[PDB]
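**Student:** The structure under discussion is supplied below as structure tokens; questions concerning it will follow.
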Amino acid sequence: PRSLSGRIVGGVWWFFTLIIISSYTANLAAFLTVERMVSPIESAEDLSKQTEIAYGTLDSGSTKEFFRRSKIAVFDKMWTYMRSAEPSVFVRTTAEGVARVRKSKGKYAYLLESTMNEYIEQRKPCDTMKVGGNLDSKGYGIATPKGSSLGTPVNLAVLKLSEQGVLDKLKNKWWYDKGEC
Amino acid sequence: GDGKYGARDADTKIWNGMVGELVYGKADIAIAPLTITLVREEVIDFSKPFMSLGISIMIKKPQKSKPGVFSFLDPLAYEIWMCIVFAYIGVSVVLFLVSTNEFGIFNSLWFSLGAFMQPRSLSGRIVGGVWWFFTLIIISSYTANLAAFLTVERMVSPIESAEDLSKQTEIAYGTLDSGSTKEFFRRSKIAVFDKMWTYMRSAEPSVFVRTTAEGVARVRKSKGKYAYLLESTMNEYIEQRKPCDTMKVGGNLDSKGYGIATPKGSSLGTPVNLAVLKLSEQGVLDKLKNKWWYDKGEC
Amino acid sequence: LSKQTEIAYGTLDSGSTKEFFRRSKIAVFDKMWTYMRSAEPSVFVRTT
Amino acid sequence: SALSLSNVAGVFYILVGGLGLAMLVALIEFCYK
Ligand SMILES: N[C@@H](Cn1cc([N+](=O)[O-])c(=O)[nH]c1=O)C(=O)O
Ligand SMILES: N[C@@H](Cn1cc([N+](=O)[O-])c(=O)[nH]c1=O)C(=O)O
Ligand SMILES: N[C@@H](Cn1cc([N+](=O)[O-])c(=O)[nH]c1=O)C(=O)O
């Protein structure tokens, strides 16, 4: 009945729980509305501490040589894993590694240079993404024979091109201006 | 000597800084965060960069989450919380007149338990149907109001790009009063980066500062209304110093590099370049950065 | 239109409109020209 | 974005409208009985 003892417990607990479900309702409407994605792997650290998601590089060239002669603790832990990977985690062509990542439903990652990685992210069907900070810090250059008279000017060219920023635009043109995403 | 990196005077044709100390024979090899630029290559030899970097943006301390408590009394206003307990006692005082002194105290405690929402007397029946509808619109309007406050919180996009600083004026922004950074914005022809310079040229108050420290503080004391533009290395380094109230936002604007500089035709030149490359492939260069930036970082 | 490409866009295969984008020096418009040029299939039409 | 007592106002009048109609059917039940 109307026991003003436990009856004011009813009205107050009923109002407390009205708020809680209202605050779960409106917040559930926040993650479904704006809806931002979050990726699993944040670095090469998050690949060395698990093996459910396979990962390998190209079968020849720079990247494979990197993990090989690596004295770094984590990368060596990645290399030692990839040496005896069953089945093989290495791929022959770049087209193989990308399509292997795509046809693995999220169970194979591909390690490659940062350039082509953000390039494939712009290609259909756009089921690839570049995550985590890069491992190292390389750079492409223009190579001339030892003692070339082309040498010193071609060097001066690149510099001038970089400060005039044509390099930035040129990247943005072939990478993002024509990017399919 | 003069505590400077190196650049040529426009008048005296006189090279100052370390580039000076290298071309006038005062030193044999410079090891410092010297940016490999065009006009520098013409007077001194550089090696490959031992550290890649770029011009970036710095922001002020954002408040940490959250007040919390005063985000409940905010959706449902302070003046509407009052009225819903003024008619609440206005429904339980109308329902009390439908039902000798203590017989009205157990009935004012029986109508104040029915007012705390959860026979066919058509009287108080059109109370229980229109008060219930009254508290239906209210709960539907509290639920909707809260869903727009968490939506607006996820929409306030942080100052992502240098395009963003150019798209407004409420946040002031400048760079170092001298050095490479100011020389980029000056010389540049790029659409956006020029629009930023035309802004900084005609800036009142002055957006330019004298030192790297003077800008860090200006950011650190302007309540999030000033952004300092500087090279990434120094920016992501101040992100590790107490009180940890500066943040590196958005990708860099360009792509410079720090390299070891030797005078034109130095015997020490070629081996040093091999050393930097040797040190790069070994990882000493990556490890050394993580050492000084992060391993001794107070964040 | 310059920001995306999922919705194609072109002009007249000859005339002032075609020339405008061709000679444009402005940032946005020039980028639109670089698209309409190498577009596939062709975005241009012979008549209105 | 900030909510207003505006929309909330026109529901306080239906309440006291349903309250004023209640004290109208209350006073007729003690007449009939
Ligand atoms: N650029 C590298 C060769 N190179 C290029 C790519 N790539 O295209 O991003 C790669 O994934 N692996 C590799 O060894 C070199 O010349 O050493
Ligand atoms: N080291 C630069 C000069 N330089 C350095 C910094 N800094 O130390 O990050 C800066 O903010 N601005 C600048 O022009 C160069 O060599 O040009
Ligand atoms: N007016 C233009 C000709 N002209 C006309 C049309 N049109 O009919 O609206 C058009 O779409 N493009 C064009 O070049 C000229 O005189 O050059």
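**Student:** Can you tell which of B:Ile29, B:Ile59 is farther than 28 Å from B:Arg241 by Cα and not hydroxyl-bearing (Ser, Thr, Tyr)? Before the answer, list the steps.
**Tutor:** On the way: B:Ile59 fails: farther than 28 Å from B:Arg241 by Cα.
So the residue among B:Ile29, B:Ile59 that is farther than 28 Å from B:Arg241 by Cα and not hydroxyl-bearing (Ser, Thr, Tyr) is B:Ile29.
**Student:** Which is closer than 21 Å to A:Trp174 by Cβ, more than 16 Å from ligand 2 (Cβ to nearest atom) and under 9 Å from the mean Cα position of the chain (by Cα), of C:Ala39, C:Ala27, C:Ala8?
**Tutor:** Exactly one residue qualifies, and that residue is C:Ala39.
**Student:** While we're looking at this one, here's another question. Pairs under 9 Å by beta carbon, first residue farther than 18 Å from B:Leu176 by Cα in region B:1-15, partner within 16 Å of ligand 1 (Cβ to nearest atom) and of a type in the set (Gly, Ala, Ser), six or more apart or different chains?
**Tutor:** Filtered contacts from region B:1-15: no entries.
**Student:** Something else: Can you tell me how many residues in region A:171-181 are surrounded by fewer than 12 Cβ atoms within 10 Å (Cβ to Cβ) and more than 10 Å from chain C (Cβ to nearest Cβ)?
**Tutor:** Residues flagged as surrounded by fewer than 12 Cβ atoms within 10 Å (Cβ to Cβ) and more than 10 Å from chain C (Cβ to nearest Cβ) within region A:171-181 amount to 0.
**Student:** I've got another one for you. Could you list all residues from region B:190-243 that are among the basic types (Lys, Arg) and touching a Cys at 6+ places or on another chain (Cβ under 9 Å)?
**Tutor:** B:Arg241, B:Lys242 - these are the residues of region B:190-243 that are among the basic types (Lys, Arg) and touching a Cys at 6+ places or on another chain (Cβ under 9 Å).
**Student:** Among the numbered criteria (1) under 26 Å from A:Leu159 (Cα atoms); (2) away from ligand 2 (no atom under 14 Å from the Cβ); (3) among the hydroxyl-bearing types (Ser, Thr, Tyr), which one does B:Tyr294 miss?
**Tutor:** Condition not satisfied by B:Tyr294: (1).
**Student:** Is at least one residue of region A:35-45 part of a loop (DSSP other than H, G, I, E, B) and touching a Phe, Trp or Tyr at 6+ places or on another chain (Cβ under 6 Å)?
**Tutor:** No; the residues of region A:35-45 include none that is part of a loop (DSSP other than H, G, I, E, B) and touching a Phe, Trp or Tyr at 6+ places or on another chain (Cβ under 6 Å).
**Student:** What single numbered condition from (1) under 30 Å from B:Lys60 (Cβ atoms); (2) out of contact with any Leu (no Cβ under 9 Å at 6 or more places or on another chain) fails to hold for B:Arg120?
**Tutor:** Every condition holds for B:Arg120 apart from (1).
**Student:** Moving on. Got at least one residue in region A:57-74 being crowded, with 16+ Cβ neighbours inside 10 Å and closer than 14 Å to A:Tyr108 by Cα?
**Tutor:** Yes, because at least one residue in region A:57-74 is crowded, with 16+ Cβ neighbours inside 10 Å and closer than 14 Å to A:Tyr108 by Cα.
**Student:** What about B:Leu165, is it part of a helix (DSSP H, G or I), away from every other protein chain (no Cβ under 12 Å) and buried (at least 17 other Cβ atoms within 10 Å of the Cβ)? Give the derivation first.
**Tutor:** Details: part of a helix (DSSP H, G or I): yes; away from every other protein chain (no Cβ under 12 Å): yes; buried (at least 17 other Cβ atoms within 10 Å of the Cβ): yes.
Answer is yes for this residue.
**Student:** Any chance region A:140-160 includes a residue that's closer than 20 Å to A:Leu58 by Cβ and polar (S, T, N, Q)?
**Tutor:** no
**Student:** Just checking, how many residues over region C:18-48 are exposed (fewer than 13 other Cβ atoms within 10 Å of the Cβ) and either away from ligand 3 (no atom under 16 Å from the Cβ) or of a type in the set (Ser, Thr, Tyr) (or both)?
**Tutor:** 11
Neighbour counts run over all protein chains shown; Cβ positions are idealised from the backbone, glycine included. Read-outs throughout are calculated quantities, based only on the coordinates presented, and are distinct from any laboratory measurement.
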